[PDB]
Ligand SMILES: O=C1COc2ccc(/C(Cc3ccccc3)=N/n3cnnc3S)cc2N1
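Given next, in structure tokens, is a single chain: the form solved without this ligand.
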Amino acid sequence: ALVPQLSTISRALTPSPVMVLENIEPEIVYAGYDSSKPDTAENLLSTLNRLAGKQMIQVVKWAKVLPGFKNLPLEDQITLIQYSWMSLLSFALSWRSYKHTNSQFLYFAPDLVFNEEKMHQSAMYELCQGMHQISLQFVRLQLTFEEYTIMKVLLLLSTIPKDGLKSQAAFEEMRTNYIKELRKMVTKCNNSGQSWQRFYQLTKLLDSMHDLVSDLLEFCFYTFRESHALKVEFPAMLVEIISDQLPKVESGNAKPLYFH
């Protein structure tokens, strides 16, 4: 007589959150690097900024379909993306470096791979070495794609306003759920000692991104404010993001969340 509103088939066929993360992972983006131009800081940095703007367009499309993110107030979704963008892009850079070059180079894009020489020419050498160190860590830990996709969501949820989000409870719920995903993901089959040791390594890695990202942002805000004198160009997307972030971070309104 009445139509069952529950779908057994639907629940059974719905993919796990981890499988969804794999399904929504953005496709690789090209930098549009032109080797006919000289490899001076002005050109390399402008090209990386253009690449960043293209990558952020895809990050936003990804965030729209990230399981759980839609549950947070809109204002909070926008805020987390703005506070975490540098952590997401630098972590993804190490991932590509790890997968495409065994962490021997920094794989910004298929058409723009930095070797030591480009790192020096970029005038961002020490920062490049810092992102490279994360890539090297991926090799030591043999980071898996599943672990990486969960950690990336955790990074999106790693920095919040000192004040607070519109819904701290909604945020905590999502953050706790994804930490649970990582927790289960590192569970072996049966060996708590090894399982906790790896969870510790992964969370220590996540934590280490805050100091790296702070240094990346210091340099970013610096080149941004002196873009005219330095001739470093930024695409509309980055001007929007940085114009919002710079004052908030510099006034002490960004609060990093740590595991340790």
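Numbering starts at 1 and runs along the sequence shown.
Counting the deposited residues that fall between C189 and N190 and carry no coordinates gives a value of 1 to 3. Of the two segments examined, 161 to 169 and 91 to 99, it is 161 to 169 that shows the higher average Cα temperature factor in the deposited entry.
Two stretches are in play, 21 to 29 and 234 to 242, and the higher mean C-alpha B-factor belongs to 21 to 29. Looking at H132, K184, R140, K118, the one whose CA carries the top B-factor in the deposited record is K184. Set against one another, the Cα B-factors of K204, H210, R50, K64 in the record reach their highest point at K64. For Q77, the recorded CA B-factor ranks within the highest third of the chain. Only modelled residues enter the ranking. Among all modelled residues in its chain, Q104 ranks in the middle third by Cα B-factor. Per the deposited record, the Cα B-factor of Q58 falls in the middle third when ranked against the other modelled residues of its chain.
The entry lists a Cα temperature factor for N43 that places it in the middle third of the chain's modelled residues. The deposited CA B-factor of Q194 belongs to the highest third of values across its chain.
Unshown form deposited with this ligand bound; subsequent notes refer to it.
Look at 176 to 184, 69 to 77, 117 to 125, 161 to 169: in the deposited complex, residues with non-hydrogen atoms within 4.5 angstroms of this ligand sit in 117 to 125. Three-residue candidate spot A41, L45 and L230; every residue lies within 4.5 angstroms of this ligand in the deposited complex by at least one non-hydrogen atom. Among heavy atoms of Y30, none comes within 4.5 Å of this ligand in the deposited complex. Under a 4.5 angstroms non-hydrogen atom cutoff, this ligand in the deposited complex has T223 among its neighbouring residues.
Although the partner is absent here, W196 is not a contact residue: none of its heavy atoms lies within 4.5 angstroms of this ligand in the deposited complex. When this ligand is considered in the deposited complex, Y200 lies well away from it, no heavy atom lying within 4.5 Å.
Taking this ligand as positioned in the deposited complex, none of the residues of 94 to 111 brings a heavy atom within 4.5 Å of it.
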